[PDB]
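Here is work-v9.txt, consisting of compact mmCIF, N, CA and C atoms:
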# COMPACT_ATOMS: atom_id res chain seq x y z
N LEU T 933 0.85 -1.18 0.00
CA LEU T 933 0.00 0.00 0.00
C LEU T 933 0.88 1.24 0.00
N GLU T 934 0.67 2.11 -0.97
CA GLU T 934 1.50 3.29 -1.17
C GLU T 934 0.72 4.53 -0.76
N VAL T 935 1.35 5.39 0.04
CA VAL T 935 0.73 6.60 0.56
C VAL T 935 1.51 7.79 0.04
N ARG T 936 0.80 8.73 -0.58
CA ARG T 936 1.39 9.96 -1.09
C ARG T 936 0.67 11.14 -0.46
N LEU T 937 1.43 12.12 0.03
CA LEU T 937 0.88 13.29 0.68
C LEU T 937 1.18 14.54 -0.13
N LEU T 938 0.21 15.43 -0.20
CA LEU T 938 0.36 16.74 -0.82
C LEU T 938 0.31 17.77 0.31
N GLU T 939 1.49 18.10 0.84
CA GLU T 939 1.54 18.98 2.01
C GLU T 939 0.81 20.29 1.76
N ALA T 940 0.96 20.85 0.56
CA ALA T 940 0.38 22.16 0.29
C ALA T 940 -1.14 22.13 0.43
N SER T 941 -1.78 21.11 -0.13
CA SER T 941 -3.23 21.02 -0.12
C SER T 941 -3.78 20.19 1.03
N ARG T 942 -2.91 19.66 1.89
CA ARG T 942 -3.36 18.85 3.02
C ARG T 942 -4.20 17.67 2.55
N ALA T 943 -3.75 17.01 1.49
CA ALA T 943 -4.46 15.88 0.90
C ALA T 943 -3.55 14.67 0.86
N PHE T 944 -4.16 13.49 1.00
CA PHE T 944 -3.45 12.23 0.96
C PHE T 944 -4.12 11.31 -0.05
N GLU T 945 -3.45 10.21 -0.36
CA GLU T 945 -3.97 9.26 -1.34
C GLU T 945 -3.27 7.93 -1.14
N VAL T 946 -4.04 6.88 -0.89
CA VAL T 946 -3.53 5.52 -0.74
C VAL T 946 -3.84 4.77 -2.03
N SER T 947 -2.85 4.05 -2.54
CA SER T 947 -2.99 3.37 -3.82
C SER T 947 -2.41 1.96 -3.73
N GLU T 948 -3.00 1.05 -4.49
CA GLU T 948 -2.52 -0.32 -4.62
C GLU T 948 -2.44 -0.67 -6.09
N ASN T 949 -1.28 -1.15 -6.53
CA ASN T 949 -1.08 -1.55 -7.92
C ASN T 949 -1.51 -0.44 -8.87
N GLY T 950 -1.27 0.80 -8.46
CA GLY T 950 -1.67 1.93 -9.27
C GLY T 950 -3.15 2.21 -9.28
N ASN T 951 -3.93 1.55 -8.43
CA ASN T 951 -5.37 1.73 -8.36
C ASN T 951 -5.72 2.50 -7.09
N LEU T 952 -6.54 3.53 -7.23
CA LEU T 952 -6.94 4.31 -6.07
C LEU T 952 -7.77 3.45 -5.12
N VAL T 953 -7.47 3.54 -3.83
CA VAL T 953 -8.20 2.81 -2.80
C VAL T 953 -8.81 3.75 -1.77
N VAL T 954 -8.08 4.77 -1.33
CA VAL T 954 -8.58 5.71 -0.34
C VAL T 954 -8.09 7.11 -0.69
N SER T 955 -8.91 8.10 -0.34
CA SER T 955 -8.56 9.50 -0.57
C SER T 955 -9.25 10.35 0.48
N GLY T 956 -8.72 11.55 0.67
CA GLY T 956 -9.28 12.46 1.66
C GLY T 956 -8.31 13.59 1.95
N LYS T 957 -8.43 14.14 3.16
CA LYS T 957 -7.59 15.24 3.61
C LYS T 957 -7.10 14.95 5.02
N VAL T 958 -5.82 15.19 5.26
CA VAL T 958 -5.20 14.94 6.56
C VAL T 958 -4.23 16.07 6.85
N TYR T 959 -4.20 16.51 8.11
CA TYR T 959 -3.28 17.56 8.52
C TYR T 959 -3.17 17.55 10.03
N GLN T 960 -2.08 18.12 10.53
CA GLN T 960 -1.86 18.15 11.97
C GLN T 960 -2.90 19.02 12.66
N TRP T 961 -3.35 18.58 13.83
CA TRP T 961 -4.30 19.34 14.63
C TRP T 961 -3.52 20.39 15.42
N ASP T 962 -3.71 21.66 15.07
CA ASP T 962 -2.85 22.70 15.62
C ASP T 962 -3.09 22.91 17.11
N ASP T 963 -4.35 23.06 17.51
CA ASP T 963 -4.72 23.40 18.88
C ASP T 963 -5.78 22.43 19.38
N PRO T 964 -5.37 21.29 19.93
CA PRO T 964 -6.35 20.32 20.43
C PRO T 964 -7.23 20.94 21.51
N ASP T 965 -8.51 20.60 21.48
CA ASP T 965 -9.49 21.10 22.44
C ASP T 965 -10.04 19.95 23.26
N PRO T 966 -9.65 19.79 24.52
CA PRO T 966 -10.23 18.71 25.33
C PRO T 966 -11.74 18.77 25.40
N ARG T 967 -12.34 19.95 25.23
CA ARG T 967 -13.80 20.04 25.22
C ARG T 967 -14.40 19.15 24.13
N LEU T 968 -13.66 18.92 23.05
CA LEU T 968 -14.20 18.15 21.94
C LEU T 968 -14.56 16.74 22.37
N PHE T 969 -13.72 16.12 23.20
CA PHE T 969 -13.89 14.73 23.58
C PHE T 969 -14.82 14.55 24.78
N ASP T 970 -15.35 15.63 25.34
CA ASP T 970 -16.35 15.49 26.39
C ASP T 970 -17.56 14.74 25.85
N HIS T 971 -18.06 13.80 26.63
CA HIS T 971 -19.11 12.92 26.14
C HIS T 971 -20.37 13.72 25.84
N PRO T 972 -21.03 13.49 24.71
CA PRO T 972 -22.21 14.28 24.37
C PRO T 972 -23.41 13.92 25.22
N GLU T 973 -24.40 14.80 25.19
CA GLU T 973 -25.64 14.55 25.91
C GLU T 973 -26.25 13.24 25.45
N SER T 974 -26.68 12.42 26.40
CA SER T 974 -27.21 11.10 26.07
C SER T 974 -28.53 11.25 25.32
N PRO T 975 -28.70 10.60 24.16
CA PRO T 975 -30.00 10.70 23.48
C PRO T 975 -31.16 10.25 24.35
N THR T 976 -30.97 9.19 25.14
CA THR T 976 -31.97 8.76 26.12
C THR T 976 -31.44 9.06 27.51
N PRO T 977 -32.01 10.03 28.24
CA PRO T 977 -31.38 10.45 29.50
C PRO T 977 -31.27 9.34 30.54
N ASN T 978 -32.26 8.45 30.63
CA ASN T 978 -32.35 7.50 31.74
C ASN T 978 -32.84 6.15 31.24
N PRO T 979 -31.95 5.34 30.66
CA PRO T 979 -32.36 3.97 30.31
C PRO T 979 -32.83 3.17 31.51
N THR T 980 -32.17 3.33 32.66
CA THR T 980 -32.58 2.69 33.91
C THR T 980 -32.77 1.19 33.73
N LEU W 933 9.69 26.16 -8.46
CA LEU W 933 8.36 25.59 -8.37
C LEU W 933 8.46 24.07 -8.29
N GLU W 934 7.62 23.47 -7.45
CA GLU W 934 7.61 22.04 -7.24
C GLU W 934 6.25 21.49 -7.63
N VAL W 935 6.25 20.45 -8.47
CA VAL W 935 5.03 19.85 -8.98
C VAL W 935 5.02 18.38 -8.58
N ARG W 936 3.91 17.94 -7.99
CA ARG W 936 3.73 16.57 -7.55
C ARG W 936 2.51 15.99 -8.23
N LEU W 937 2.58 14.70 -8.58
CA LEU W 937 1.53 14.04 -9.34
C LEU W 937 0.96 12.87 -8.56
N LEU W 938 -0.34 12.64 -8.71
CA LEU W 938 -1.04 11.49 -8.15
C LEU W 938 -1.71 10.77 -9.31
N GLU W 939 -0.98 9.85 -9.94
CA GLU W 939 -1.52 9.16 -11.11
C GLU W 939 -2.83 8.46 -10.77
N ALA W 940 -2.93 7.88 -9.58
CA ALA W 940 -4.15 7.19 -9.20
C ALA W 940 -5.35 8.12 -9.26
N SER W 941 -5.21 9.32 -8.71
CA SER W 941 -6.28 10.31 -8.73
C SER W 941 -6.25 11.18 -9.97
N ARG W 942 -5.21 11.07 -10.80
CA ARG W 942 -5.06 11.94 -11.96
C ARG W 942 -5.13 13.40 -11.55
N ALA W 943 -4.53 13.71 -10.40
CA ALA W 943 -4.50 15.05 -9.85
C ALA W 943 -3.07 15.54 -9.78
N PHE W 944 -2.91 16.86 -9.76
CA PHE W 944 -1.59 17.47 -9.71
C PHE W 944 -1.66 18.73 -8.87
N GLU W 945 -0.49 19.20 -8.45
CA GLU W 945 -0.39 20.45 -7.72
C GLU W 945 0.95 21.09 -8.04
N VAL W 946 1.00 22.41 -7.89
CA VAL W 946 2.23 23.18 -8.06
C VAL W 946 2.38 24.05 -6.83
N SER W 947 3.41 23.78 -6.03
CA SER W 947 3.62 24.45 -4.75
C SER W 947 4.83 25.36 -4.83
N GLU W 948 4.76 26.48 -4.12
CA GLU W 948 5.82 27.48 -4.08
C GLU W 948 6.17 27.74 -2.63
N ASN W 949 7.35 27.30 -2.21
CA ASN W 949 7.79 27.44 -0.82
C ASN W 949 6.73 26.91 0.13
N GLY W 950 6.16 25.75 -0.21
CA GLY W 950 5.14 25.16 0.62
C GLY W 950 3.78 25.81 0.53
N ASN W 951 3.56 26.68 -0.45
CA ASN W 951 2.27 27.32 -0.66
C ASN W 951 1.67 26.83 -1.97
N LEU W 952 0.42 26.37 -1.91
CA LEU W 952 -0.25 25.93 -3.12
C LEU W 952 -0.36 27.07 -4.11
N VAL W 953 -0.15 26.76 -5.39
CA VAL W 953 -0.22 27.75 -6.46
C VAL W 953 -1.25 27.36 -7.51
N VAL W 954 -1.15 26.14 -8.04
CA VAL W 954 -2.09 25.64 -9.03
C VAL W 954 -2.51 24.23 -8.63
N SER W 955 -3.69 23.83 -9.07
CA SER W 955 -4.20 22.49 -8.79
C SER W 955 -5.22 22.13 -9.84
N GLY W 956 -5.50 20.83 -9.94
CA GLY W 956 -6.46 20.35 -10.91
C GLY W 956 -6.19 18.89 -11.23
N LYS W 957 -6.60 18.49 -12.43
CA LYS W 957 -6.42 17.13 -12.91
C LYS W 957 -5.76 17.16 -14.28
N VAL W 958 -4.81 16.26 -14.49
CA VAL W 958 -4.13 16.10 -15.76
C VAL W 958 -3.91 14.62 -16.01
N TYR W 959 -4.12 14.20 -17.26
CA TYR W 959 -3.91 12.80 -17.61
C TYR W 959 -3.67 12.71 -19.11
N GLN W 960 -3.07 11.59 -19.52
CA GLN W 960 -2.79 11.38 -20.93
C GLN W 960 -4.09 11.22 -21.71
N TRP W 961 -4.11 11.76 -22.92
CA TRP W 961 -5.28 11.66 -23.79
C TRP W 961 -5.26 10.29 -24.45
N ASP W 962 -6.18 9.42 -24.05
CA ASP W 962 -6.15 8.04 -24.53
C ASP W 962 -6.34 7.98 -26.04
N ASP W 963 -7.40 8.61 -26.55
CA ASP W 963 -7.78 8.51 -27.95
C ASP W 963 -7.98 9.90 -28.54
N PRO W 964 -6.91 10.53 -29.02
CA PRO W 964 -7.07 11.81 -29.71
C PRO W 964 -7.93 11.66 -30.96
N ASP W 965 -8.71 12.69 -31.26
CA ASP W 965 -9.50 12.73 -32.48
C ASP W 965 -9.42 14.13 -33.09
N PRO W 966 -8.93 14.27 -34.32
CA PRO W 966 -8.78 15.62 -34.89
C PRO W 966 -10.09 16.38 -35.01
N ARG W 967 -11.23 15.69 -35.01
CA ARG W 967 -12.50 16.38 -35.18
C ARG W 967 -12.74 17.40 -34.08
N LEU W 968 -12.08 17.26 -32.93
CA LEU W 968 -12.26 18.22 -31.85
C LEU W 968 -11.75 19.59 -32.24
N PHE W 969 -10.65 19.64 -32.99
CA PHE W 969 -9.98 20.90 -33.31
C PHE W 969 -10.51 21.56 -34.57
N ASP W 970 -11.57 21.03 -35.17
CA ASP W 970 -12.19 21.71 -36.30
C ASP W 970 -12.83 23.00 -35.84
N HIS W 971 -12.64 24.06 -36.61
CA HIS W 971 -13.06 25.38 -36.19
C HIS W 971 -14.58 25.49 -36.19
N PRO W 972 -15.21 25.84 -35.07
CA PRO W 972 -16.67 25.95 -35.06
C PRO W 972 -17.16 27.04 -36.00
N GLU W 973 -18.32 26.80 -36.61
CA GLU W 973 -18.93 27.79 -37.48
C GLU W 973 -19.15 29.09 -36.71
N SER W 974 -18.77 30.21 -37.33
CA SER W 974 -18.85 31.49 -36.66
C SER W 974 -20.31 31.94 -36.54
N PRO W 975 -20.74 32.41 -35.37
CA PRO W 975 -22.11 32.94 -35.26
C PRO W 975 -22.36 34.13 -36.17
N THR W 976 -21.35 34.98 -36.38
CA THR W 976 -21.49 36.17 -37.21
C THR W 976 -20.76 35.96 -38.53
N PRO W 977 -21.44 36.07 -39.68
CA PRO W 977 -20.74 35.80 -40.95
C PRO W 977 -19.53 36.69 -41.19
N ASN W 978 -19.62 37.97 -40.82
CA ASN W 978 -18.56 38.94 -41.09
C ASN W 978 -18.11 38.85 -42.55
N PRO W 979 -19.01 39.09 -43.50
CA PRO W 979 -18.62 38.93 -44.91
C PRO W 979 -17.75 40.06 -45.44
N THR W 980 -18.02 41.30 -45.02
CA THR W 980 -17.32 42.44 -45.60
C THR W 980 -15.82 42.35 -45.36
Could the structure of this file be written out as structure tokens, please?
Amino acid sequence: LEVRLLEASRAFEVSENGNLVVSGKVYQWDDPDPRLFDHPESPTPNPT
Amino acid sequence: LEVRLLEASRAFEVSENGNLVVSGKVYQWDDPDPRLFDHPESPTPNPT
């Protein structure tokens, strides 16, 4: 599996045998926010 | 100028000191046909 990164555009591409398999965008997280990982409000407040 | 290619995605970029400059898609023309380059009929005759 071959991985190529385009630093300028923050894009990546995984390829096998010259065939595209995965694509998207990846970049370093500049300022992590612990608030992000706080557990969200439960859809059902009280399963009980 | 630095140019990187992703044959799998047929995408390219041109970066300048780590700054994106140009982007898009480029690939070899599989089946050229001269009929594409025939001059389209002019909307205005312009006879004079």
Taking the DSSP assignment computed from this structure's backbone, write out as an MDAnalysis selection string all residues of chain W that belong to strand (DSSP E).
chainID W and resid 934:938 943:948 951:957
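When atom N of residue 934 of chain T is paired with atom CA of residue 947 of chain T, their separation reads 4.8 Å.
We find atom N of residue 964 of chain W and atom CA of residue 942 of chain W to be spaced 17.2 Å apart.
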Return chain T as a PDB file with N, CA and C atoms, keeping the file's coordinate frame, after superposing it on chain W by a least-squares fit that covers all C-alpha atoms paired in order.
ATOM      1  N   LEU T 933       9.594  25.968  -8.455  1.00  0.00           N
ATOM      2  CA  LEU T 933       8.221  25.499  -8.547  1.00  0.00           C
ATOM      3  C   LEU T 933       8.216  23.979  -8.504  1.00  0.00           C
ATOM      4  N   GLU T 934       7.468  23.419  -7.573  1.00  0.00           N
ATOM      5  CA  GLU T 934       7.442  21.982  -7.334  1.00  0.00           C
ATOM      6  C   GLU T 934       6.122  21.412  -7.830  1.00  0.00           C
ATOM      7  N   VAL T 935       6.197  20.324  -8.596  1.00  0.00           N
ATOM      8  CA  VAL T 935       5.032  19.682  -9.190  1.00  0.00           C
ATOM      9  C   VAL T 935       4.936  18.276  -8.635  1.00  0.00           C
ATOM     10  N   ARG T 936       3.768  17.938  -8.094  1.00  0.00           N
ATOM     11  CA  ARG T 936       3.495  16.609  -7.565  1.00  0.00           C
ATOM     12  C   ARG T 936       2.276  16.046  -8.275  1.00  0.00           C
ATOM     13  N   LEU T 937       2.362  14.794  -8.725  1.00  0.00           N
ATOM     14  CA  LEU T 937       1.288  14.141  -9.441  1.00  0.00           C
ATOM     15  C   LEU T 937       0.745  12.971  -8.637  1.00  0.00           C
ATOM     16  N   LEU T 938      -0.563  12.810  -8.663  1.00  0.00           N
ATOM     17  CA  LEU T 938      -1.248  11.673  -8.061  1.00  0.00           C
ATOM     18  C   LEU T 938      -1.798  10.831  -9.214  1.00  0.00           C
ATOM     19  N   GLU T 939      -0.991   9.864  -9.656  1.00  0.00           N
ATOM     20  CA  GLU T 939      -1.371   9.085 -10.837  1.00  0.00           C
ATOM     21  C   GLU T 939      -2.741   8.447 -10.673  1.00  0.00           C
ATOM     22  N   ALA T 940      -3.036   7.938  -9.478  1.00  0.00           N
ATOM     23  CA  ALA T 940      -4.286   7.214  -9.282  1.00  0.00           C
ATOM     24  C   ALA T 940      -5.492   8.114  -9.541  1.00  0.00           C
ATOM     25  N   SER T 941      -5.463   9.332  -9.011  1.00  0.00           N
ATOM     26  CA  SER T 941      -6.587  10.244  -9.134  1.00  0.00           C
ATOM     27  C   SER T 941      -6.464  11.207 -10.305  1.00  0.00           C
ATOM     28  N   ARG T 942      -5.385  11.111 -11.083  1.00  0.00           N
ATOM     29  CA  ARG T 942      -5.194  11.999 -12.227  1.00  0.00           C
ATOM     30  C   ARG T 942      -5.229  13.460 -11.799  1.00  0.00           C
ATOM     31  N   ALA T 943      -4.562  13.768 -10.693  1.00  0.00           N
ATOM     32  CA  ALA T 943      -4.529  15.116 -10.137  1.00  0.00           C
ATOM     33  C   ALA T 943      -3.093  15.576  -9.999  1.00  0.00           C
ATOM     34  N   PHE T 944      -2.893  16.887 -10.161  1.00  0.00           N
ATOM     35  CA  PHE T 944      -1.590  17.504 -10.039  1.00  0.00           C
ATOM     36  C   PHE T 944      -1.679  18.670  -9.065  1.00  0.00           C
ATOM     37  N   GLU T 945      -0.521  19.187  -8.680  1.00  0.00           N
ATOM     38  CA  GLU T 945      -0.468  20.290  -7.723  1.00  0.00           C
ATOM     39  C   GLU T 945       0.886  20.962  -7.839  1.00  0.00           C
ATOM     40  N   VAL T 946       0.888  22.257  -8.126  1.00  0.00           N
ATOM     41  CA  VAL T 946       2.101  23.065  -8.206  1.00  0.00           C
ATOM     42  C   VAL T 946       2.186  23.892  -6.929  1.00  0.00           C
ATOM     43  N   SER T 947       3.367  23.920  -6.327  1.00  0.00           N
ATOM     44  CA  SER T 947       3.549  24.591  -5.048  1.00  0.00           C
ATOM     45  C   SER T 947       4.844  25.402  -5.062  1.00  0.00           C
ATOM     46  N   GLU T 948       4.834  26.507  -4.331  1.00  0.00           N
ATOM     47  CA  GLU T 948       6.007  27.349  -4.134  1.00  0.00           C
ATOM     48  C   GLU T 948       6.162  27.629  -2.655  1.00  0.00           C
ATOM     49  N   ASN T 949       7.348  27.361  -2.115  1.00  0.00           N
ATOM     50  CA  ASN T 949       7.635  27.610  -0.705  1.00  0.00           C
ATOM     51  C   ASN T 949       6.570  26.981   0.184  1.00  0.00           C
ATOM     52  N   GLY T 950       6.078  25.821  -0.233  1.00  0.00           N
ATOM     53  CA  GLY T 950       5.037  25.154   0.519  1.00  0.00           C
ATOM     54  C   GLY T 950       3.673  25.783   0.406  1.00  0.00           C
ATOM     55  N   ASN T 951       3.487  26.749  -0.488  1.00  0.00           N
ATOM     56  CA  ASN T 951       2.220  27.434  -0.675  1.00  0.00           C
ATOM     57  C   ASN T 951       1.587  26.973  -1.985  1.00  0.00           C
ATOM     58  N   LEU T 952       0.314  26.613  -1.932  1.00  0.00           N
ATOM     59  CA  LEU T 952      -0.373  26.176  -3.137  1.00  0.00           C
ATOM     60  C   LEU T 952      -0.476  27.331  -4.130  1.00  0.00           C
ATOM     61  N   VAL T 953      -0.186  27.047  -5.394  1.00  0.00           N
ATOM     62  CA  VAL T 953      -0.276  28.036  -6.463  1.00  0.00           C
ATOM     63  C   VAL T 953      -1.237  27.594  -7.558  1.00  0.00           C
ATOM     64  N   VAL T 954      -1.202  26.328  -7.961  1.00  0.00           N
ATOM     65  CA  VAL T 954      -2.076  25.823  -9.007  1.00  0.00           C
ATOM     66  C   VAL T 954      -2.516  24.409  -8.650  1.00  0.00           C
ATOM     67  N   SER T 955      -3.728  24.067  -9.084  1.00  0.00           N
ATOM     68  CA  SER T 955      -4.273  22.730  -8.858  1.00  0.00           C
ATOM     69  C   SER T 955      -5.245  22.407  -9.977  1.00  0.00           C
ATOM     70  N   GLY T 956      -5.495  21.117 -10.150  1.00  0.00           N
ATOM     71  CA  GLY T 956      -6.401  20.672 -11.200  1.00  0.00           C
ATOM     72  C   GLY T 956      -6.246  19.182 -11.437  1.00  0.00           C
ATOM     73  N   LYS T 957      -6.570  18.769 -12.665  1.00  0.00           N
ATOM     74  CA  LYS T 957      -6.491  17.373 -13.071  1.00  0.00           C
ATOM     75  C   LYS T 957      -5.817  17.286 -14.431  1.00  0.00           C
ATOM     76  N   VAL T 958      -4.899  16.343 -14.574  1.00  0.00           N
ATOM     77  CA  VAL T 958      -4.151  16.151 -15.816  1.00  0.00           C
ATOM     78  C   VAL T 958      -3.997  14.660 -16.053  1.00  0.00           C
ATOM     79  N   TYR T 959      -4.130  14.249 -17.316  1.00  0.00           N
ATOM     80  CA  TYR T 959      -3.961  12.849 -17.674  1.00  0.00           C
ATOM     81  C   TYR T 959      -3.750  12.751 -19.170  1.00  0.00           C
ATOM     82  N   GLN T 960      -3.157  11.641 -19.595  1.00  0.00           N
ATOM     83  CA  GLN T 960      -2.886  11.449 -21.014  1.00  0.00           C
ATOM     84  C   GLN T 960      -4.181  11.323 -21.802  1.00  0.00           C
ATOM     85  N   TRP T 961      -4.202  11.909 -22.994  1.00  0.00           N
ATOM     86  CA  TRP T 961      -5.351  11.817 -23.883  1.00  0.00           C
ATOM     87  C   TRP T 961      -5.266  10.487 -24.631  1.00  0.00           C
ATOM     88  N   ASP T 962      -6.183   9.572 -24.325  1.00  0.00           N
ATOM     89  CA  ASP T 962      -6.045   8.212 -24.827  1.00  0.00           C
ATOM     90  C   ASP T 962      -6.248   8.137 -26.336  1.00  0.00           C
ATOM     91  N   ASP T 963      -7.326   8.733 -26.837  1.00  0.00           N
ATOM     92  CA  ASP T 963      -7.718   8.632 -28.239  1.00  0.00           C
ATOM     93  C   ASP T 963      -7.978  10.022 -28.800  1.00  0.00           C
ATOM     94  N   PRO T 964      -6.943  10.698 -29.291  1.00  0.00           N
ATOM     95  CA  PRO T 964      -7.138  12.042 -29.846  1.00  0.00           C
ATOM     96  C   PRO T 964      -8.129  12.016 -31.005  1.00  0.00           C
ATOM     97  N   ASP T 965      -8.973  13.035 -31.068  1.00  0.00           N
ATOM     98  CA  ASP T 965      -9.984  13.168 -32.113  1.00  0.00           C
ATOM     99  C   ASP T 965      -9.701  14.400 -32.949  1.00  0.00           C
ATOM    100  N   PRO T 966      -9.196  14.269 -34.171  1.00  0.00           N
ATOM    101  CA  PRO T 966      -8.979  15.462 -35.001  1.00  0.00           C
ATOM    102  C   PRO T 966     -10.233  16.286 -35.191  1.00  0.00           C
ATOM    103  N   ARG T 967     -11.417  15.676 -35.094  1.00  0.00           N
ATOM    104  CA  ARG T 967     -12.655  16.449 -35.201  1.00  0.00           C
ATOM    105  C   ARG T 967     -12.709  17.552 -34.142  1.00  0.00           C
ATOM    106  N   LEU T 968     -12.058  17.341 -33.003  1.00  0.00           N
ATOM    107  CA  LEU T 968     -12.136  18.313 -31.923  1.00  0.00           C
ATOM    108  C   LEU T 968     -11.578  19.658 -32.349  1.00  0.00           C
ATOM    109  N   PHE T 969     -10.474  19.653 -33.097  1.00  0.00           N
ATOM    110  CA  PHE T 969      -9.777  20.874 -33.459  1.00  0.00           C
ATOM    111  C   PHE T 969     -10.336  21.525 -34.725  1.00  0.00           C
ATOM    112  N   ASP T 970     -11.349  20.936 -35.348  1.00  0.00           N
ATOM    113  CA  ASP T 970     -11.998  21.600 -36.470  1.00  0.00           C
ATOM    114  C   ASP T 970     -12.587  22.926 -36.011  1.00  0.00           C
ATOM    115  N   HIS T 971     -12.389  23.960 -36.808  1.00  0.00           N
ATOM    116  CA  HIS T 971     -12.769  25.299 -36.383  1.00  0.00           C
ATOM    117  C   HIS T 971     -14.277  25.385 -36.200  1.00  0.00           C
ATOM    118  N   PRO T 972     -14.766  25.986 -35.121  1.00  0.00           N
ATOM    119  CA  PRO T 972     -16.208  26.035 -34.892  1.00  0.00           C
ATOM    120  C   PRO T 972     -16.908  27.000 -35.826  1.00  0.00           C
ATOM    121  N   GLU T 973     -18.223  26.857 -35.893  1.00  0.00           N
ATOM    122  CA  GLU T 973     -19.030  27.758 -36.703  1.00  0.00           C
ATOM    123  C   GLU T 973     -18.801  29.192 -36.265  1.00  0.00           C
ATOM    124  N   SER T 974     -18.602  30.082 -37.228  1.00  0.00           N
ATOM    125  CA  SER T 974     -18.293  31.474 -36.912  1.00  0.00           C
ATOM    126  C   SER T 974     -19.508  32.137 -36.272  1.00  0.00           C
ATOM    127  N   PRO T 975     -19.359  32.798 -35.115  1.00  0.00           N
ATOM    128  CA  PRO T 975     -20.524  33.488 -34.542  1.00  0.00           C
ATOM    129  C   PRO T 975     -21.138  34.502 -35.491  1.00  0.00           C
ATOM    130  N   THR T 976     -20.309  35.233 -36.240  1.00  0.00           N
ATOM    131  CA  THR T 976     -20.796  36.135 -37.287  1.00  0.00           C
ATOM    132  C   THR T 976     -20.433  35.545 -38.637  1.00  0.00           C
ATOM    133  N   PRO T 977     -21.402  35.064 -39.430  1.00  0.00           N
ATOM    134  CA  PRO T 977     -21.037  34.321 -40.645  1.00  0.00           C
ATOM    135  C   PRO T 977     -20.225  35.133 -41.649  1.00  0.00           C
ATOM    136  N   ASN T 978     -20.506  36.428 -41.798  1.00  0.00           N
ATOM    137  CA  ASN T 978     -19.944  37.223 -42.891  1.00  0.00           C
ATOM    138  C   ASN T 978     -19.598  38.621 -42.402  1.00  0.00           C
ATOM    139  N   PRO T 979     -18.451  38.782 -41.736  1.00  0.00           N
ATOM    140  CA  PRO T 979     -18.017  40.146 -41.391  1.00  0.00           C
ATOM    141  C   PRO T 979     -17.843  41.036 -42.606  1.00  0.00           C
ATOM    142  N   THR T 980     -17.312  40.491 -43.704  1.00  0.00           N
ATOM    143  CA  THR T 980     -17.178  41.215 -44.968  1.00  0.00           C
ATOM    144  C   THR T 980     -16.477  42.552 -44.772  1.00  0.00           C
TER     145      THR T 980
END
Can you build me a table of chain T residues sitting at most 7 Å from chain W, with the closest atom pair per residue and its distance in Å to one decimal, using only N, CA and C atoms, sorted by chain and residue number, as CSV?
residue,atom,partner,partner_atom,distance
T:939,C,W:950,C,6.4
T:940,CA,W:952,N,4.8
T:941,N,W:952,CA,5.9
T:947,CA,W:940,CA,6.7
T:950,C,W:940,CA,5.1
T:951,C,W:940,CA,5.4
T:952,N,W:940,CA,4.8
Mind giving me the straight-line distance from atom CA of residue 956 of chain W to atom CA of residue 933 of chain W in Å, one decimal?
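Atom CA of residue 933 of chain W lies 15.9 Å from atom CA of residue 956 of chain W.
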Please return the centre and edge lengths, in Å to one decimal, of a box with edges along x, y and z that contains all listed atoms of segment 933-947 of chain T, widened by 4 Å on every side, as JSON.
{"center_x": -1.5, "center_y": 10.5, "center_z": -0.4, "size_x": 14.0, "size_y": 31.3, "size_z": 14.8}
As an MDAnalysis selection string, please: every residue in chain W that DSSP puts in helix (DSSP H, G or I).
chainID W and resid 966:969
